[PDB]
């Protein structure tokens, strides 16, 4: 009912975190981020993840994903996940460790494998993305056939992700 905010987390005074949200050590939350586990709960945000301005994390009352701890979540965000300007993560949703979600991109009703890079103005809905895939800018990924055909992340893509954060 109250968020658990790790003492080593850095949450902006003007960020809004409500309900059963667990924020791990080293997570950075910018001003004008909204995390509300008032419908769908609980939410996990793993160590050293980064949420930038305009990011929103919400969830449906019904629908859960399996966390790495074998517990059920509305939203599971792994370690070192980057959720950039204006991104929307809407439960049920799973982002594995080292994922990047680019500006104005949406993840809804989906599981995103570790080390994936989702670029700008993209939608990922109703699918499982395998680990280490690249979603190009402007992509509209709404079927498992599209998700299974995504190309692999290259070193240059991770380098890009690190520069943006």
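Positions refer to the first chain, counted from 1.
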query: As stated in the PDB record, which stretch has the larger average Cα B-factor, 69 to 77 or 86 to 94?
result: 69 to 77
query: Looking only at CA atoms, which has the higher mean B factor in the entry: 102 to 110 or 46 to 54?
result: 46 to 54
- line: Among 153, 141, 14, 150, the highest C-alpha B-factor in the PDB entry belongs to 14
message: Just to confirm, going by the entry's C-alpha B-factors, which of 136, 115, 63, 130 comes out highest?
response: 63
field: Cα B factor band for residue 28 (lowest, middle or highest third within the chain)
entry: middle
field: Relative C-alpha B-factor of residue 41, binned into the chain's lowest, middle or highest third
entry: highest
